[PDB]
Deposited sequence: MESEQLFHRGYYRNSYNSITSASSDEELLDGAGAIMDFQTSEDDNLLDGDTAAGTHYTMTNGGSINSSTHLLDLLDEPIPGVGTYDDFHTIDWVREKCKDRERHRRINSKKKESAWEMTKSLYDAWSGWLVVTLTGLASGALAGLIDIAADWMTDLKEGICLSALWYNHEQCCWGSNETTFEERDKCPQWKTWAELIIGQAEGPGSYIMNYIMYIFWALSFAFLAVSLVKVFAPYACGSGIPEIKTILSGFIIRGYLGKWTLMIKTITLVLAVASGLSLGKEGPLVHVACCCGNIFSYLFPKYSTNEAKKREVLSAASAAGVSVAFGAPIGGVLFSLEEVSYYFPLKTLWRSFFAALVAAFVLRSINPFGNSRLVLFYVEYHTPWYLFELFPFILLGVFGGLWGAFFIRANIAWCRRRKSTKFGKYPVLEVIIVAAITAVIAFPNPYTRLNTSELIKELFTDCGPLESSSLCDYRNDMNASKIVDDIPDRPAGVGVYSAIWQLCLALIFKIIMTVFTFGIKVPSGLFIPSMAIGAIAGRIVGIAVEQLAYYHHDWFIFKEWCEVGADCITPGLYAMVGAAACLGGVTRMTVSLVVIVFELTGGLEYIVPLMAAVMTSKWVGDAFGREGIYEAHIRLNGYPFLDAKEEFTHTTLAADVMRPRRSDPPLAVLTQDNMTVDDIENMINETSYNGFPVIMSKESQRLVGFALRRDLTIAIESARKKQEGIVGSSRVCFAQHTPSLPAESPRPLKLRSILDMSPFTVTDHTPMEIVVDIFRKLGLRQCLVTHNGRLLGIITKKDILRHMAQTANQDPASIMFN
């Protein structure tokens, strides 16, 4: 009861460490009694690894199930396997003019070809997109409203000590899994690689309730959630090291430096399980893994910067636009019709995505297709090729024509499709936009090389009789650049991309593009999409990157100020239960400093509203703060900071010790308070 946090309230890390140390000391003291006690001590020491093991296994299994179901449903959106329903397009057209895999054309009209067949299949595609999106949104809105969104901003904030009760519950887990399957299969411009961080964390917290070492403490729960975020990123991208780096850079806030072992173990186990789910012998590390064995020239490092600029522009644009829409979704009647909005967005996406073969094609499959360089047996519109370069024809001319339309559609539709009441991610759509840009640039460069090989730009570098330009590498570079320009990741992202598509040959291009994208995006604000959404949602996230440039001390920020009412303080014996109840029920404060006397104004300690209420209720059912004596709940070591302290030290105290509130005094006299939110309000 005592020391229980309220909803949407930040965590006093220091008290968590204190009670954890008390538990450790008690366990060690009980250890020496007999063999069972050392056994229990070993069990409690290994609980930190048991939670990570279970979290990794659950994350791997959930990612495998989600991927299988999303593939099957996305393919059900187009046709069905008459021979055996439990197959997708790939399996029903490979495992043997395929007579088994039938689109709705011959099912309904009876003719596989014709304008009527195309119209009816268009209608059926739109209908299935609408049905999937509507079901996902209804299920989220009715069973677990916390399933919406990528949930990386909220997990981030939750690892900064913040609290959101059901956000990582069982029902959020189940509904997020189901609705993520149903949304990635709805044709929306969204992915489930971003959301896989949340659905992974949902596992960890759940498993944290199996062990008293973590259920009864919050800081250790944050350790388990950091490990779970690493496991989630790993199982999403299949990159354990990349996932751990992402956890260090973006998500995790307190890192004792011992959890790196646990984070990497979680990531490794998650990736191992994800690999273990190979029910049909899929050799692809992920649904968008591509390998490269082609060279690049220093000249190509110029366009690889160009994409970096583009990915730096669009990124900023997106963060400049998406929030500008999300605000309008929250500050307008659009926020009262979530289901209608998602149905409208799914209908528009399915209407404008069917005509274009690339937009109609699943975003992760589109990323795979863009990554792979043209093959000899491929005659698709992408590589309709008619000297060191292949000849060109009309087909490659139309390839750019329609790929530009795909790029524009994805850019426009991901702005309106990120924040909506359905599990949506920003990794896959950003990578798709970046990869489309990269493929466009790569085709342009290859065509330039073929038509104008005689120039010294290609005469020396490009070997005669050998194709030198690699469009797939440009697509990968563009994906990395756009992803880093929307999320402002530098090394975590580059390592994620490197593991995502093996090969160290393209570390220089990847670093160049990612760094250029970040340096271009920072010119229009130094906040990534996750930081911008943490800000927009108004979460109490203390960003260490932000600098308290203002030269102001704790004198300015301590509250109450002159205008605000007198500082609320307690006493030792003068007052009674009635007084404390009256001043609690009339005050929204969660904590009261206690002094001896009104005139003395000398600090004694600190007490919390929740602890006071619980203890007072217990006493009433079943006042003397000094030695109704309620000293037990009292805090005799409340952090103080002299008013002359420049606020940088106070912010550093909050960020390092993880306090909720530090008092403020002037030469041994209590004057004000600074909660974890007071500094945030001051920054605004």
query	finding
Missing C-alpha runs, given along the deposited sequence, first residue counted as 1	1-80, 177-185, 476-486, 723-731, 737-748, 806-818
